[PDB]
């Protein structure tokens, strides 16, 4: 177990002068994502830049970074360090060539296969099992946050789970509602309810995305409608794939305590593979 991890992160300090900002690639919750270069020979990197924020937000952003720095798993993105600047705080991560899984699945939906989809699920379960072992919570598990290291269409796919961004702990109620149906319902009720169990629900919604080739669940639904969705205790529509649908259902239990451990999920996944 890490000893003063945030304090350690202060030493991983990356200076702005060693960075080159590349193209804008995407957006997250109060963040912007860029490709970039890290100098000493150079490394291609991803830069996650936090919008100018209050100190409590910056601090939480840094805690997410610290978490990523401490973990070491083949299916979780490596974090090089952070750039500390009051008005421009930056996570510096390895560049994963294949990009976000949601975009990939959209363009390649016609050639995706059953074992391809199952392998992605299994790899994510492996990463979340590791986090569960360490009593760590991610809180932003979704296909947009899964990156393809190996495409595996033509030796299957290889995914890497990206960072959580700003922890749910300090997000506004509106930002939590916006994350429906990925966010665990207890976190919508109160962000203080965040726990390891939250990632089980998210994994369920992530499986839904995989079954539906990166389709956004509840796309075009207003925040009011999303809030009503959990109020009425609904789930996204059952996917045709029984194996993944069954996992999704077990994970999307409104009682956090009843969501199966990832160790159990991994056992179940390996049983199916026999």
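Positions refer to the first chain, counted from 1.
S.K.: For the step residue 40 to residue 41, what size class fits the number of deposited residues with no coordinates, none, 1 to 3, 4 to 9, or 10 or more?
M.R.: Per the deposited record, the segment joining residue 40 and residue 41 lacks coordinates for 10 or more residues.
S.K.: With respect to the deposited sequence, how many residues separating residue 154 from residue 155 are not represented by coordinates: none, 1 to 3, 4 to 9, or 10 or more?
M.R.: Missing residues, residue 154 to residue 155: 1 to 3.
S.K.: If you average the CA temperature factors over each stretch, which comes out higher, 73 to 81 or 194 to 202?
M.R.: On average, C-alpha B-factors are higher across 73 to 81.
S.K.: According to the deposited model, is the average Cα temperature factor higher in 225 to 233 or in 61 to 69?
M.R.: Result of the comparison: 225 to 233.
S.K.: Against its chain's modelled residues, does residue 127's Cα B factor rank lowest, middle or highest third?
M.R.: Lowest third.
S.K.: By the recorded C-alpha temperature factor, relative to the other modelled residues in its chain, which third is residue 266 in?
M.R.: CA B-factor rank for residue 266: highest third.
S.K.: Hey, what third does residue 119 fall into on Cα B-factor, ranked over its chain?
M.R.: According to the entry, residue 119 has a C-alpha B-factor in the chain's middle third.
S.K.: Could you place residue 50 in the lowest, middle or highest third of its chain by Cα temperature factor, using the values in the record?
M.R.: For residue 50, whose C-alpha B-factor we compare with every modelled residue in the chain, the answer is the lowest third.
S.K.: Ranked by Cα temperature factor within the chain, is residue 140 in the lowest third, the middle third or the highest third?
M.R.: Within its chain, residue 140 is a lowest-third residue by C-alpha B-factor, going by the deposited values.
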